[PDB]
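Single chain ahead, by itself, as structure tokens, in the form deposited without this ligand.
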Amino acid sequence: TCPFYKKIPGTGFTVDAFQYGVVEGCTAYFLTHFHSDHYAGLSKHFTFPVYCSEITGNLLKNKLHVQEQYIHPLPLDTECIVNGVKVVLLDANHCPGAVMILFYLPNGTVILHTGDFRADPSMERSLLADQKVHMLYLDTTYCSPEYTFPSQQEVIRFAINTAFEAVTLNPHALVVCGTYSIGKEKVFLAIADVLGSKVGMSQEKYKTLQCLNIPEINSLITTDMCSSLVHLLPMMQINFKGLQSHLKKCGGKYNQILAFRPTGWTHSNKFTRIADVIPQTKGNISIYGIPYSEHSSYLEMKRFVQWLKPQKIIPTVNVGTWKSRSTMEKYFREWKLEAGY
């Protein structure tokens, strides 16, 4: 059965609710982004209307085989009527095609569902500026002050300089980047660009990237591994065993691997600056864990919420324990008393 925080009161709408069977009274199913926890349950046998971005719609059709008649793509930044209710989709600054949804309820209440997001000050100059929000359904993944990490631009700076240095010292080094879902593509794209290479990958991953509307993509990626010195591999293979095994397959073209594991936050954030980061090393194999987040830091989240001044907050992440729920409610109250709403 569908939980409460995935229902939109006063509408026939649900958000990210495909794993519960047929939801009683749902006339339109919204999908915020193509991440498995959120799409869990969609397939070619789905026969209700799905509302989403163009990019999410490209991925439903080609990767999950959902039939075209049930895919309803909406443009961003545009007032649209769905089943008699005004909605807007806004860029979530999460992975490609990810959105927040503004719902204008028939009774005058305004609801923002963030999906998954990385709050940014640029959101304070979207269509959100214009009006009040009564309920916020908030991505609270990192809602605790210990959760700190750098900007995405600092992390990319570190990865580009690390890769360029290592391959300039050894032209026979191979760079490898881990992936398991969409998102974080700037990591491997930026490194390939500095090195003058295309990014090499499997047919399945190439298919996924071709759904993302990335400008000039055909110039940036390929399935011909031999011609590329930046390779993608599944995240589970980013370890000394998996990487050794991959170096054997390359036919004596390379004598070193430098690899990157983009993670979310890890506890080495609590001590080490991004500048000071070091790899794990065995022989001619080195592995860097880099904290490239597509979710808000605690400070980013707090800033966004203090600016929006919602009348009520409903968390959508970390809701399963009493301790987590109590912790999050305490921070929402400090934020509210500090800013005076």
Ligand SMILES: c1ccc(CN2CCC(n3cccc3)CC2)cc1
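Start at 1 with the first residue shown and count on from there.
Separately, the form solved in complex with this ligand exists; it is not shown, and the next lines address it.
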* To do: Using the partner position in the bound PDB entry, report whether residue 146 sits within 4.5 Å of this ligand, counting heavy atoms only.
  => yes
* Quick one: does residue 162 come within 4.5 Å of this ligand in the bound PDB entry, counting heavy atoms only? -> no
* Do residue 141 and this ligand share at least one heavy atom pair within 4.5 Å in the bound PDB entry? -> yes
* **is_contact(residue 104, this ligand) in the bound PDB entry, heavy atom dist at most 4.5 Å** => no
* Enumerate the residues of 152 to 182 that have a non-hydrogen atom within 4.5 Å of this ligand in the bound PDB entry, in sequence order, or give none. => none
